[PDB]
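Q: Take this structure, written in C-alpha cells, and hold onto it; I'll ask about it next.
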Amino acid sequence: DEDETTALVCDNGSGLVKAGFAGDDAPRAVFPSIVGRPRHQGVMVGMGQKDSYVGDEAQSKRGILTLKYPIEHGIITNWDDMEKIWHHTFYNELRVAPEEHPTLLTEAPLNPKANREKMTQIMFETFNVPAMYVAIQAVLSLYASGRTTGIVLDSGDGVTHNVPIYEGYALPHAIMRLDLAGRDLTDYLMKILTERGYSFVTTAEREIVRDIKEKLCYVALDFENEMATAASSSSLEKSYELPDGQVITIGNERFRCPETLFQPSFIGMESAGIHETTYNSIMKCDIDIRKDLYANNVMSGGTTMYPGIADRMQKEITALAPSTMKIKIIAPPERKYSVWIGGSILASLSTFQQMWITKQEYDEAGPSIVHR
Amino acid sequence: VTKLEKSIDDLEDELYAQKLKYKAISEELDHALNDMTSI
Amino acid sequence: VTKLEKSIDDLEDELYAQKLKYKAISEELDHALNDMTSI
Amino acid sequence: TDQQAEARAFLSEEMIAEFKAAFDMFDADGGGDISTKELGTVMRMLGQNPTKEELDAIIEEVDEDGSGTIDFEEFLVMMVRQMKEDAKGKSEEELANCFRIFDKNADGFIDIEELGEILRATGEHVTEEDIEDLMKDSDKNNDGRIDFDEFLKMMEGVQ
Amino acid sequence: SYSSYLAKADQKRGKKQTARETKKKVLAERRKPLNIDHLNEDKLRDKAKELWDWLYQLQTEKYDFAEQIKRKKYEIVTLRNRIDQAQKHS
Amino acid sequence: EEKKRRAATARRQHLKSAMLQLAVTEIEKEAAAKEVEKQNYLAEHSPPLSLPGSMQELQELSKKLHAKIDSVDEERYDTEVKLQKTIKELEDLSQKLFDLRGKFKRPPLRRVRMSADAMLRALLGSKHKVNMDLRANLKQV
C-alpha cells in the first residue's frame, strides 16, 4: 500500500495535463496546460496579489493575464513555467505532498535525452519525490490496449505521431511526427464556420467553436460522396444552440474539419496525412515485423475521437497495404486517456516496483540513471 | 487437397470479415456503454 | 492435404465460437444503445 | 530532521538505547552511518540477499540529507515506521481472525444472531436489548449484518 | 456472437495444453528413479524409510496447501462482501 | 440533555472488549484443535511405518512407496496450482476494491518485511528487553 495507493501518474500534454493515482480508472485531474501572468497590478475581491495563475484559473481570467504554453508540440520548452504546472498538480489539484509519493511521468516520442534528465533533476531535486519513472506516451497507450507490438497513431492538442513499438521498444528510426492536431483543427473549423456566414466575435463565441468540433464533428468515410450528399441536402445538417438562443447551423463543415487530418492541403500544409504517414512508418520498419504493425494500429489521443475515424483509416491503409495483409485499426472508447490509463496499470503493477528510479539511485548515479 | 484448401481459404476469409465486423461492434460498445453511464 | 484439412477444421471451429461470441455482444448492444436514448 | 523529531519523541530511552546498540553493529568502521555495503553485510546476517538496487531503495527511504548513508537519526526514523507497520499488521490480523470466529456460518457477515451468541458466549451478563443495541451502533449501512469493514471500525480501539 | 467460438477452442486448448507439459516438466524433475534395486539387503531398510519420509514430506505439504486454499476461499467470500457493500452507486 | 448517555457507550466498549477477549481465547482453541485434525489425517494416510521382513517385502514396499510418491506428489502439485489460482482470484478482487475505495484495511496478500522486534532479537540476542508495541513512556512517580 506504501506505494500501491501512493503512485502518481502525470501525463503532461500540449493542451491538457491528465493526473491522478495509479490504480484509478481515469485521471483525477484534467486541466489546461497554461500559466498566466497578470498584465496589470490589482486584486480579486478577498484575495491577495497573485503572481501567477495555472490551469483553469488562467483560462477564466485570460483577459488580464499573458497566457503561456510550457509544452510546445509535446516537448517542454519552458522549465520555469513547467515546474509551476507540476506544483499546481501536486499541491492543489491532487492535494498530495509529493515527498512521499512515487511519480510516473510521461514524455514524448523523440524527447531529447537532456530533457528526460532535466525533469528528473526537478522531480528529485526541487519536489523531493521518493522515486519516479518516465514512460514514452505511445508506449503506454499500446500497453493499455493489452499489447506490446503494434503502431500507435497518437494525436492530441499540438502533435501527431506514429510510434511503431516491438516487444515494448519504440522504434526510433520509424517514428513520424506531424505538427497538426486538435488545436489546428479548432481554428480551421472556426474559419469554415465564419465562412458559412458567421461571427465568433466575443470570447464566449471563440471558446465554444471547440465544443462544436468535439460534439458535432465527424470523419466520414467516402468524404467524396459526402460533399455530394451535402448538396442534395439531406437531414445531414446539425444546429447547435449557443451560450444564448442564437441557434447556429452546421451541416456540411461538420466533416470538412476532420478531412483536414487526411488532407493537410485544406490548411496550407504540404506534409502527408495521417494514413499515409501510418503507412510510411510501416515501410520504414523491418520487413518481418510489418504484418504485426498492420494488424495493430492502436489509436490514442483527443483528436482521434472524431467518430468514423477508424473506418476511414481502416480503408485508407487496406488500400495502400499489399492484399496479402491483415489490417486492424483498434480505437478504444477511453482513448482520450489511453496514455494515462497505460501508466496507471503499469505503475500499479506488481512487477514495476523494480524499475522505479529511487533517490538512492539518483543521489548516487546523477540524472543519467533514469535517462537509460 | 485443392478442394479442402479452397474451402479453408473461404472459411478463413469469411473470418477475418467476422473477427473484424466485430472489433467495430464491441468498440462501438465500450463507447455506447460509456456515454449513458455519463449522460 | 492432411495438414490443410487439420487447419480447416481448427479455423471452422474457432469460428462458430467467434460467430456466436458475437450474437451476444451485438444483442447486449441494441439494449445498451436503447437505455441511454431513453435516459 | 522534523521526522527524526517525533520519531525520537515516539521511542523511549530504552528504545533508543537498544536501537543504538543495534545501529552500532550495523556500522562497521564505526564512522557514524551505515553504507550501501555495511547494510548488505547485516542483511545477510539477517537472512536476506538484497541487490544493489534493493539496498539503496532501502537506504534512501530515510536519507533526508541525500548522503547515501544512514545515521542513528535517519535510522530511528526507519525503526519507527517499522514499529508502526508491525503493530498495524498484528492488529488487523487479530481482528481478521476474530471476525472469522464470530462469523462461523462463513457468510462473510455477522448477523444479530451470531452477535448475540458470541456476546452471550462471553462471561458477561447481557439482555437482548444490549445485543440489538450493539448491532444498531455497529451496522452503519443498516443492512442487518456487520461486514468486515464495519467490524474493523466497531472494534477500532477496543484493546 | 459465434465468430468468437473459434476463440474458445484456440484459447482453452492452448492454455490447457501449456499447463500440462509444464506440470509434466516440473513433476518430472522432482523425480529420482528407484535405481537402487538389488545392490544390498539391509540397504532397502535404510532406503525404504527415506522414501517413506519423502512421502510423508509431500503428504504433509499437500495437507497445508489444502487448508490454505480453504482459508483463502474464506478471505474471498469476505473480500466479495466488501466489494458489494462498497458499491453504493450514489 | 442526555447527561447519562455517556455510560451507554462505555458499555458497548466493555462488551466489545468482552468480545475480543472471548475471541482470542477461542482463536487458539480452534488453532490447536485444527492441528489435532492434521495429525489424525496424517495418522492414517501415513501411519508409523514398520519395515517388513527382508527379501521381497522390503523391495516390494519400496516399490509401493516410490509409486505413491509420484502419486501424492502430483496431487500436491495440483493443489499448489489451485492455490495459485485462488490467491490470483483474490488479488484481482483485492484490486476491484482498491480503485473503488482506495487503500483499505487487511489486504489479503500482505507484503511484510521482518519486524523491528525481530531484527533487534536477531542482532542482540540475549539483551533485547522491550516488549515494544505502542505504549509510550512518561515519568512514573
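The way I read the labels, and the way they are meant: chains A, B, ... in the order of the C-alpha cells, residue 1 as the first residue of every chain, and ligand 1 as the first ligand shown, with later ones counted on from there.
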Within 10 Å of residue 7 in chain C, counting only C-alpha atoms, which residues show up once you throw out same-chain ones fewer than 3 positions away? Write them as an mmCIF file with N, CA, C and O atoms, in the first residue's frame, please.
A:
```
data_model
loop_
_atom_site.group_PDB
_atom_site.id
_atom_site.type_symbol
_atom_site.label_atom_id
_atom_site.label_comp_id
_atom_site.auth_asym_id
_atom_site.auth_seq_id
_atom_site.Cartn_x
_atom_site.Cartn_y
_atom_site.Cartn_z
ATOM 1 N N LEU B 4 -10.150 -29.073 -50.385
ATOM 2 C CA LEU B 4 -10.068 -28.660 -48.983
ATOM 3 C C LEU B 4 -9.300 -27.367 -48.722
ATOM 4 O O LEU B 4 -9.677 -26.584 -47.856
ATOM 5 N N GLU B 5 -8.232 -27.096 -49.467
ATOM 6 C CA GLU B 5 -7.509 -25.829 -49.409
ATOM 7 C C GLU B 5 -8.436 -24.689 -49.861
ATOM 8 O O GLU B 5 -8.602 -23.693 -49.162
ATOM 9 N N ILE B 8 -10.702 -24.135 -47.006
ATOM 10 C CA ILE B 8 -10.073 -23.465 -45.868
ATOM 11 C C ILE B 8 -9.923 -21.967 -46.134
ATOM 12 O O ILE B 8 -10.286 -21.180 -45.259
ATOM 13 N N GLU B 12 -11.471 -19.134 -43.635
ATOM 14 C CA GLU B 12 -10.505 -18.192 -43.060
ATOM 15 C C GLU B 12 -10.733 -16.736 -43.523
ATOM 16 O O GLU B 12 -10.553 -15.759 -42.785
ATOM 17 N N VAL C 1 -2.393 -32.413 -47.770
ATOM 18 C CA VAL C 1 -3.850 -32.443 -47.591
ATOM 19 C C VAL C 1 -4.226 -32.678 -46.132
ATOM 20 O O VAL C 1 -4.959 -31.860 -45.590
ATOM 21 N N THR C 2 -3.658 -33.658 -45.419
ATOM 22 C CA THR C 2 -3.982 -33.847 -44.002
ATOM 23 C C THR C 2 -3.632 -32.631 -43.147
ATOM 24 O O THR C 2 -4.389 -32.250 -42.257
ATOM 25 N N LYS C 3 -2.510 -31.951 -43.429
ATOM 26 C CA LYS C 3 -2.165 -30.684 -42.778
ATOM 27 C C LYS C 3 -3.228 -29.599 -43.010
ATOM 28 O O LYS C 3 -3.761 -29.017 -42.070
ATOM 29 N N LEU C 4 -3.594 -29.327 -44.262
ATOM 30 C CA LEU C 4 -4.623 -28.337 -44.586
ATOM 31 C C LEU C 4 -6.032 -28.675 -44.121
ATOM 32 O O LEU C 4 -6.788 -27.794 -43.724
ATOM 33 N N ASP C 10 -9.688 -26.524 -37.512
ATOM 34 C CA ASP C 10 -9.438 -25.551 -36.454
ATOM 35 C C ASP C 10 -10.016 -24.165 -36.785
ATOM 36 O O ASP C 10 -10.802 -23.648 -35.988
ATOM 37 N N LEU C 11 -9.820 -23.586 -37.975
ATOM 38 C CA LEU C 11 -10.437 -22.307 -38.328
ATOM 39 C C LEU C 11 -11.963 -22.341 -38.352
ATOM 40 O O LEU C 11 -12.612 -21.482 -37.760
ATOM 41 N N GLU C 12 -12.602 -23.360 -38.933
ATOM 42 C CA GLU C 12 -14.061 -23.507 -38.911
ATOM 43 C C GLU C 12 -14.629 -23.658 -37.484
ATOM 44 O O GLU C 12 -15.699 -23.145 -37.128
ATOM 45 N N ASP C 13 -13.903 -24.307 -36.566
ATOM 46 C CA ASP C 13 -14.304 -24.355 -35.161
ATOM 47 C C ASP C 13 -14.047 -23.079 -34.356
ATOM 48 O O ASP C 13 -14.936 -22.602 -33.640
#
```
Q: Got a sec to align chain C on chain B by every in-order Cα pair and hand back the fitted coordinates as a CSV table (one decimal) with C-alpha atoms, in the first residue's frame?
A:
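Below you can see superposed-v5.csv, which holds the result:
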```
chain,number,residue,atom,x,y,z
C,1,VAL,CA,-7.1,-32.1,-50.9
C,2,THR,CA,-7.9,-29.4,-53.6
C,3,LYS,CA,-11.6,-29.4,-52.3
C,4,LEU,CA,-10.5,-29.0,-48.7
C,5,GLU,CA,-7.8,-26.4,-49.5
C,6,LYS,CA,-10.5,-24.4,-51.3
C,7,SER,CA,-12.9,-24.7,-48.3
C,8,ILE,CA,-10.0,-23.6,-45.9
C,9,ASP,CA,-9.3,-20.4,-47.9
C,10,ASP,CA,-13.0,-19.5,-48.0
C,11,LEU,CA,-13.4,-20.0,-44.2
C,12,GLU,CA,-10.1,-18.2,-43.4
C,13,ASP,CA,-11.3,-15.2,-45.6
C,14,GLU,CA,-14.9,-15.2,-44.2
C,15,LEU,CA,-12.8,-14.7,-41.2
C,16,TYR,CA,-10.7,-11.8,-41.1
C,17,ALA,CA,-14.1,-10.3,-42.3
C,18,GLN,CA,-15.8,-11.5,-39.1
C,19,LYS,CA,-12.8,-10.7,-36.8
C,20,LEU,CA,-12.8,-7.1,-38.2
C,21,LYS,CA,-16.6,-6.5,-38.5
C,22,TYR,CA,-16.3,-6.9,-34.8
C,23,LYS,CA,-13.5,-4.5,-33.6
C,24,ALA,CA,-16.0,-2.0,-34.8
C,25,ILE,CA,-19.1,-3.2,-32.9
C,26,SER,CA,-17.1,-4.0,-29.6
C,27,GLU,CA,-15.6,-0.4,-29.8
C,28,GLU,CA,-18.9,1.2,-30.7
C,29,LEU,CA,-19.7,-0.6,-27.5
C,30,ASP,CA,-17.3,0.7,-24.8
C,31,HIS,CA,-18.6,4.0,-26.2
C,32,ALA,CA,-22.3,3.1,-26.2
C,33,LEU,CA,-22.0,1.8,-22.6
C,34,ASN,CA,-20.1,4.9,-21.3
C,35,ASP,CA,-22.6,7.7,-22.3
C,36,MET,CA,-25.7,6.0,-20.5
C,37,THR,CA,-23.6,5.5,-17.4
C,38,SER,CA,-23.0,9.2,-17.8
C,39,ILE,CA,-26.5,10.5,-18.5
```
Q: Pull the alpha helix (DSSP H) assignments for range 188-372 of chain A out of DSSP run on the backbone, and list those residues as an mmCIF file with N, CA and C atoms, in the first residue's frame.
A:
```cif
data_model
loop_
_atom_site.group_PDB
_atom_site.id
_atom_site.type_symbol
_atom_site.label_atom_id
_atom_site.label_comp_id
_atom_site.auth_asym_id
_atom_site.auth_seq_id
_atom_site.Cartn_x
_atom_site.Cartn_y
_atom_site.Cartn_z
ATOM 1 N N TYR A 188 -9.356 25.835 -37.825
ATOM 2 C CA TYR A 188 -9.803 25.677 -39.184
ATOM 3 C C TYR A 188 -11.320 25.628 -39.167
ATOM 4 N N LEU A 189 -11.956 24.975 -38.194
ATOM 5 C CA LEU A 189 -13.411 24.919 -38.158
ATOM 6 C C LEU A 189 -13.939 26.318 -38.064
ATOM 7 N N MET A 190 -13.281 27.086 -37.194
ATOM 8 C CA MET A 190 -13.552 28.482 -36.928
ATOM 9 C C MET A 190 -13.752 29.273 -38.212
ATOM 10 N N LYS A 191 -12.740 29.191 -39.094
ATOM 11 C CA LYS A 191 -12.811 29.846 -40.360
ATOM 12 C C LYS A 191 -13.889 29.156 -41.165
ATOM 13 N N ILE A 192 -14.020 27.847 -41.427
ATOM 14 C CA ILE A 192 -15.125 27.374 -42.273
ATOM 15 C C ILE A 192 -16.532 27.637 -41.746
ATOM 16 N N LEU A 193 -16.621 28.048 -40.487
ATOM 17 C CA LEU A 193 -17.874 28.351 -39.854
ATOM 18 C C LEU A 193 -18.135 29.856 -39.940
ATOM 19 N N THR A 194 -17.111 30.730 -39.897
ATOM 20 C CA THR A 194 -17.333 32.157 -40.134
ATOM 21 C C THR A 194 -17.632 32.355 -41.618
ATOM 22 N N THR A 203 -15.260 36.459 -26.650
ATOM 23 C CA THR A 203 -14.520 35.277 -26.228
ATOM 24 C C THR A 203 -15.451 34.110 -25.867
ATOM 25 N N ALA A 204 -16.716 34.395 -25.562
ATOM 26 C CA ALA A 204 -17.719 33.359 -25.349
ATOM 27 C C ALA A 204 -18.249 32.729 -26.652
ATOM 28 N N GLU A 205 -17.815 33.283 -27.781
ATOM 29 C CA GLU A 205 -18.135 32.756 -29.077
ATOM 30 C C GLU A 205 -16.918 31.939 -29.468
ATOM 31 N N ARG A 206 -15.696 32.493 -29.377
ATOM 32 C CA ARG A 206 -14.452 31.754 -29.656
ATOM 33 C C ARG A 206 -14.377 30.333 -29.033
ATOM 34 N N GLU A 207 -14.516 30.248 -27.705
ATOM 35 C CA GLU A 207 -14.294 29.032 -26.937
ATOM 36 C C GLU A 207 -15.184 27.862 -27.325
ATOM 37 N N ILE A 208 -16.446 28.182 -27.585
ATOM 38 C CA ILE A 208 -17.436 27.186 -27.925
ATOM 39 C C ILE A 208 -17.314 26.592 -29.343
ATOM 40 N N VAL A 209 -16.498 27.157 -30.266
ATOM 41 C CA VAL A 209 -16.277 26.556 -31.581
ATOM 42 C C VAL A 209 -15.576 25.222 -31.336
ATOM 43 N N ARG A 210 -14.758 25.182 -30.293
ATOM 44 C CA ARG A 210 -14.065 23.998 -29.876
ATOM 45 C C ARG A 210 -15.064 22.961 -29.354
ATOM 46 N N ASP A 211 -16.148 23.365 -28.681
ATOM 47 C CA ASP A 211 -17.159 22.441 -28.167
ATOM 48 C C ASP A 211 -18.086 21.971 -29.276
ATOM 49 N N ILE A 212 -18.147 22.753 -30.370
ATOM 50 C CA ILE A 212 -18.861 22.345 -31.583
ATOM 51 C C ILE A 212 -18.043 21.225 -32.228
ATOM 52 N N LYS A 213 -16.740 21.459 -32.512
ATOM 53 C CA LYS A 213 -15.790 20.474 -33.025
ATOM 54 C C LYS A 213 -15.896 19.175 -32.271
ATOM 55 N N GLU A 214 -15.799 19.181 -30.945
ATOM 56 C CA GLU A 214 -15.889 17.943 -30.164
ATOM 57 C C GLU A 214 -17.256 17.271 -30.324
ATOM 58 N N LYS A 215 -18.393 17.934 -30.077
ATOM 59 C CA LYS A 215 -19.723 17.309 -30.117
ATOM 60 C C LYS A 215 -20.303 16.863 -31.469
ATOM 61 N N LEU A 216 -20.222 17.763 -32.453
ATOM 62 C CA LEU A 216 -20.808 17.549 -33.759
ATOM 63 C C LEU A 216 -19.874 17.081 -34.839
ATOM 64 N N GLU A 224 -15.825 12.073 -50.254
ATOM 65 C CA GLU A 224 -16.109 12.390 -51.654
ATOM 66 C C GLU A 224 -17.608 12.596 -51.914
ATOM 67 N N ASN A 225 -18.318 11.465 -51.780
ATOM 68 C CA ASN A 225 -19.748 11.427 -51.941
ATOM 69 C C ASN A 225 -20.411 11.629 -50.597
ATOM 70 N N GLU A 226 -19.898 12.611 -49.859
ATOM 71 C CA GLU A 226 -20.477 13.076 -48.603
ATOM 72 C C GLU A 226 -20.738 14.590 -48.751
ATOM 73 N N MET A 227 -19.825 15.215 -49.516
ATOM 74 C CA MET A 227 -19.972 16.565 -50.026
ATOM 75 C C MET A 227 -21.132 16.506 -51.024
ATOM 76 N N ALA A 228 -21.088 15.528 -51.964
ATOM 77 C CA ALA A 228 -22.164 15.273 -52.927
ATOM 78 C C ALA A 228 -23.515 15.115 -52.222
ATOM 79 N N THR A 229 -23.513 14.343 -51.132
ATOM 80 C CA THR A 229 -24.689 14.188 -50.284
ATOM 81 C C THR A 229 -25.156 15.521 -49.683
ATOM 82 N N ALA A 230 -24.176 16.349 -49.261
ATOM 83 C CA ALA A 230 -24.436 17.640 -48.626
ATOM 84 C C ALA A 230 -25.325 18.528 -49.474
ATOM 85 N N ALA A 231 -25.003 18.498 -50.785
ATOM 86 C CA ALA A 231 -25.669 19.243 -51.862
ATOM 87 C C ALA A 231 -27.144 18.895 -52.163
ATOM 88 N N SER A 232 -27.469 17.593 -52.233
ATOM 89 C CA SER A 232 -28.844 17.106 -52.356
ATOM 90 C C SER A 232 -29.675 17.553 -51.145
ATOM 91 N N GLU A 253 -19.684 21.319 -43.071
ATOM 92 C CA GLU A 253 -18.378 21.562 -42.399
ATOM 93 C C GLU A 253 -17.961 20.696 -41.219
ATOM 94 N N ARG A 254 -19.030 20.216 -40.610
ATOM 95 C CA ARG A 254 -19.047 19.162 -39.626
ATOM 96 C C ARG A 254 -17.965 18.051 -39.870
ATOM 97 N N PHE A 255 -17.769 17.639 -41.148
ATOM 98 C CA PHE A 255 -16.774 16.641 -41.543
ATOM 99 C C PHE A 255 -15.635 17.233 -42.378
ATOM 100 N N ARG A 256 -15.786 18.466 -42.858
ATOM 101 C CA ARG A 256 -14.732 19.126 -43.610
ATOM 102 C C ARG A 256 -13.540 19.409 -42.694
ATOM 103 N N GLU A 259 -11.590 15.922 -42.280
ATOM 104 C CA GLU A 259 -10.988 15.629 -43.593
ATOM 105 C C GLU A 259 -9.653 16.407 -43.578
ATOM 106 N N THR A 260 -9.391 17.407 -42.701
ATOM 107 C CA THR A 260 -8.103 18.081 -42.667
ATOM 108 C C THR A 260 -7.024 17.098 -42.244
ATOM 109 N N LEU A 261 -7.296 16.215 -41.282
ATOM 110 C CA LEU A 261 -6.322 15.184 -40.910
ATOM 111 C C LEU A 261 -5.852 14.242 -42.044
ATOM 112 N N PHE A 262 -6.635 13.999 -43.117
ATOM 113 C CA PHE A 262 -6.218 13.187 -44.265
ATOM 114 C C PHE A 262 -5.671 14.041 -45.400
ATOM 115 N N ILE A 274 -2.230 11.658 -41.983
ATOM 116 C CA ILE A 274 -2.365 10.549 -41.043
ATOM 117 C C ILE A 274 -2.218 9.113 -41.577
ATOM 118 N N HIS A 275 -2.992 8.731 -42.597
ATOM 119 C CA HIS A 275 -2.996 7.379 -43.146
ATOM 120 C C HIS A 275 -1.770 7.010 -43.955
ATOM 121 N N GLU A 276 -1.265 7.979 -44.710
ATOM 122 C CA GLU A 276 -0.074 7.777 -45.481
ATOM 123 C C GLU A 276 1.066 7.688 -44.551
ATOM 124 N N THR A 277 1.014 8.470 -43.494
ATOM 125 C CA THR A 277 2.079 8.524 -42.528
ATOM 126 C C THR A 277 2.082 7.236 -41.736
ATOM 127 N N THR A 278 0.942 6.644 -41.374
ATOM 128 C CA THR A 278 0.858 5.334 -40.714
ATOM 129 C C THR A 278 1.655 4.282 -41.511
ATOM 130 N N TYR A 279 1.373 4.377 -42.806
ATOM 131 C CA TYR A 279 1.935 3.520 -43.788
ATOM 132 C C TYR A 279 3.393 3.791 -43.914
ATOM 133 N N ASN A 280 3.843 5.026 -44.056
ATOM 134 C CA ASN A 280 5.248 5.238 -44.323
ATOM 135 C C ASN A 280 6.128 4.783 -43.180
ATOM 136 N N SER A 281 5.587 4.892 -41.950
ATOM 137 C CA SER A 281 6.252 4.486 -40.720
ATOM 138 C C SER A 281 6.544 3.013 -40.880
ATOM 139 N N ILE A 282 5.480 2.352 -41.372
ATOM 140 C CA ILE A 282 5.460 0.911 -41.563
ATOM 141 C C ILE A 282 6.403 0.547 -42.682
ATOM 142 N N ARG A 290 6.427 -6.044 -40.243
ATOM 143 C CA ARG A 290 5.327 -5.334 -40.844
ATOM 144 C C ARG A 290 4.018 -6.127 -40.770
ATOM 145 N N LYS A 291 3.844 -7.469 -40.719
ATOM 146 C CA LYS A 291 2.466 -7.956 -40.586
ATOM 147 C C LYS A 291 1.871 -7.609 -39.217
ATOM 148 N N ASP A 292 2.750 -7.504 -38.189
ATOM 149 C CA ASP A 292 2.353 -7.245 -36.817
ATOM 150 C C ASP A 292 1.815 -5.841 -36.654
ATOM 151 N N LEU A 293 2.615 -4.867 -37.064
ATOM 152 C CA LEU A 293 2.200 -3.498 -37.048
ATOM 153 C C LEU A 293 0.876 -3.298 -37.781
ATOM 154 N N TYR A 294 0.674 -3.959 -38.931
ATOM 155 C CA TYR A 294 -0.562 -3.769 -39.668
ATOM 156 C C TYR A 294 -1.787 -4.285 -38.981
ATOM 157 N N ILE A 309 -13.425 7.611 -37.633
ATOM 158 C CA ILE A 309 -12.005 7.860 -37.862
ATOM 159 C C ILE A 309 -11.291 6.575 -38.169
ATOM 160 N N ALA A 310 -11.770 5.559 -37.440
ATOM 161 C CA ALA A 310 -11.248 4.218 -37.505
ATOM 162 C C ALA A 310 -11.651 3.613 -38.841
ATOM 163 N N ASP A 311 -12.942 3.697 -39.289
ATOM 164 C CA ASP A 311 -13.400 3.151 -40.577
ATOM 165 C C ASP A 311 -12.660 3.771 -41.761
ATOM 166 N N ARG A 312 -12.506 5.101 -41.756
ATOM 167 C CA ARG A 312 -11.750 5.806 -42.780
ATOM 168 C C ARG A 312 -10.328 5.275 -42.731
ATOM 169 N N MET A 313 -9.669 5.138 -41.566
ATOM 170 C CA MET A 313 -8.287 4.668 -41.511
ATOM 171 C C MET A 313 -8.097 3.228 -41.943
ATOM 172 N N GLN A 314 -9.143 2.442 -41.677
ATOM 173 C CA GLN A 314 -9.265 1.032 -41.995
ATOM 174 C C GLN A 314 -9.140 0.843 -43.476
ATOM 175 N N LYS A 315 -9.972 1.614 -44.167
ATOM 176 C CA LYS A 315 -9.988 1.602 -45.607
ATOM 177 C C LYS A 315 -8.885 2.409 -46.234
ATOM 178 N N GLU A 316 -8.334 3.333 -45.476
ATOM 179 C CA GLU A 316 -7.262 4.116 -46.021
ATOM 180 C C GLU A 316 -5.998 3.267 -46.135
ATOM 181 N N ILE A 317 -5.691 2.469 -45.097
ATOM 182 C CA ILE A 317 -4.481 1.688 -45.217
ATOM 183 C C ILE A 317 -4.741 0.345 -45.879
ATOM 184 N N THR A 318 -5.926 -0.276 -45.906
ATOM 185 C CA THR A 318 -6.129 -1.527 -46.644
ATOM 186 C C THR A 318 -5.722 -1.332 -48.098
ATOM 187 N N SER A 338 -5.841 6.972 -23.014
ATOM 188 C CA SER A 338 -5.087 5.719 -23.152
ATOM 189 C C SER A 338 -3.744 5.735 -22.477
ATOM 190 N N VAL A 339 -3.011 6.790 -22.843
ATOM 191 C CA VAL A 339 -1.712 7.110 -22.304
ATOM 192 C C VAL A 339 -1.756 7.031 -20.799
ATOM 193 N N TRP A 340 -2.728 7.712 -20.165
ATOM 194 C CA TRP A 340 -2.769 7.816 -18.719
ATOM 195 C C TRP A 340 -3.088 6.472 -18.086
ATOM 196 N N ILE A 341 -4.024 5.756 -18.717
ATOM 197 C CA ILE A 341 -4.545 4.530 -18.186
ATOM 198 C C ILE A 341 -3.435 3.518 -18.258
ATOM 199 N N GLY A 342 -2.634 3.529 -19.336
ATOM 200 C CA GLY A 342 -1.498 2.626 -19.518
ATOM 201 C C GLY A 342 -0.480 2.853 -18.410
ATOM 202 N N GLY A 343 -0.360 4.096 -17.934
ATOM 203 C CA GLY A 343 0.542 4.438 -16.869
ATOM 204 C C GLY A 343 -0.013 3.963 -15.543
ATOM 205 N N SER A 344 -1.331 4.092 -15.334
ATOM 206 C CA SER A 344 -1.993 3.669 -14.122
ATOM 207 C C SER A 344 -1.851 2.176 -13.883
ATOM 208 N N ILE A 345 -1.992 1.435 -14.979
ATOM 209 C CA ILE A 345 -1.882 -0.016 -14.968
ATOM 210 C C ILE A 345 -0.463 -0.386 -14.591
ATOM 211 N N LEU A 346 0.460 0.068 -15.432
ATOM 212 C CA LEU A 346 1.865 -0.212 -15.300
ATOM 213 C C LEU A 346 2.388 0.152 -13.922
ATOM 214 N N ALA A 347 2.050 1.350 -13.440
ATOM 215 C CA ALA A 347 2.633 1.796 -12.185
ATOM 216 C C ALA A 347 1.979 1.126 -11.009
ATOM 217 N N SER A 348 0.749 0.624 -11.142
ATOM 218 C CA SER A 348 0.157 -0.080 -10.004
ATOM 219 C C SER A 348 0.582 -1.559 -10.004
ATOM 220 N N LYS A 359 15.573 7.884 -5.124
ATOM 221 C CA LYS A 359 16.570 8.862 -4.688
ATOM 222 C C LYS A 359 17.923 8.236 -4.380
ATOM 223 N N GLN A 360 17.957 6.940 -3.989
ATOM 224 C CA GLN A 360 19.187 6.197 -3.742
ATOM 225 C C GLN A 360 19.836 6.155 -5.124
ATOM 226 N N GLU A 361 19.224 5.538 -6.156
ATOM 227 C CA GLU A 361 19.805 5.561 -7.499
ATOM 228 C C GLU A 361 20.279 6.945 -7.945
ATOM 229 N N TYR A 362 19.428 7.954 -7.764
ATOM 230 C CA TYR A 362 19.772 9.285 -8.199
ATOM 231 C C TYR A 362 20.934 9.901 -7.442
ATOM 232 N N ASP A 363 20.847 10.065 -6.113
ATOM 233 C CA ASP A 363 21.912 10.703 -5.337
ATOM 234 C C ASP A 363 23.263 10.041 -5.588
ATOM 235 N N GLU A 364 23.197 8.770 -6.008
ATOM 236 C CA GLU A 364 24.393 8.027 -6.352
ATOM 237 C C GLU A 364 24.803 8.011 -7.821
ATOM 238 N N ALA A 365 23.892 8.089 -8.816
ATOM 239 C CA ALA A 365 24.272 7.989 -10.243
ATOM 240 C C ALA A 365 24.162 9.225 -11.169
ATOM 241 N N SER A 368 21.577 10.830 -15.221
ATOM 242 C CA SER A 368 21.938 9.789 -16.150
ATOM 243 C C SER A 368 21.210 8.497 -15.841
ATOM 244 N N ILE A 369 21.106 8.137 -14.544
ATOM 245 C CA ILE A 369 20.443 6.927 -14.068
ATOM 246 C C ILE A 369 19.092 6.589 -14.704
ATOM 247 N N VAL A 370 18.158 7.546 -14.716
ATOM 248 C CA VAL A 370 16.814 7.336 -15.244
ATOM 249 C C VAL A 370 16.786 7.514 -16.761
ATOM 250 N N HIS A 371 17.784 8.242 -17.265
ATOM 251 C CA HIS A 371 17.802 8.531 -18.671
ATOM 252 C C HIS A 371 17.811 7.261 -19.543
#
```
Q: Which neighbours of range 56-62 of chain E fall inside 7 Å, counting only C-alpha atoms, when residues of the same chain fewer than 5 positions from it are skipped, and could you give them as a PyMOL selection string?
A: chain F and resi 46+72-73+76+79
Q: Using only C-alpha atoms, find each residue of chain F with at least one atom at most 8 Å away from an atom of chain A; report its shortest atom-to-atom pair and that distance in Å (one decimal), sort the rows by chain and rising residue number, and return the result as a tab-separated table.
A:
```
residue	atom	partner	partner_atom	distance
F:98	CA	A:23	CA	7.2
F:99	CA	A:24	CA	5.1
F:100	CA	A:24	CA	7.9
F:102	CA	A:5	CA	6.7
F:103	CA	A:5	CA	5.8
```
Q: Keeping only N, CA and C atoms, write the selected residues as a compact mmCIF listing (two decimals), in the first residue's frame.
A:
```txt
# COMPACT_ATOMS: atom_id res chain seq x y z
N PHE F 98 -9.65 -1.63 -4.32
CA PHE F 98 -8.73 -0.52 -4.18
C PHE F 98 -9.23 0.67 -4.97
N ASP F 99 -9.28 0.49 -6.28
CA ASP F 99 -9.75 1.54 -7.16
C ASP F 99 -11.28 1.56 -7.12
N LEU F 100 -11.82 1.77 -5.93
CA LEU F 100 -13.26 1.84 -5.75
C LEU F 100 -13.46 2.35 -4.33
N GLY F 102 -9.90 2.78 -2.20
CA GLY F 102 -8.56 3.32 -2.03
C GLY F 102 -7.77 2.25 -1.32
N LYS F 103 -6.82 2.62 -0.48
CA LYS F 103 -6.10 1.59 0.27
C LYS F 103 -7.12 1.24 1.34
```
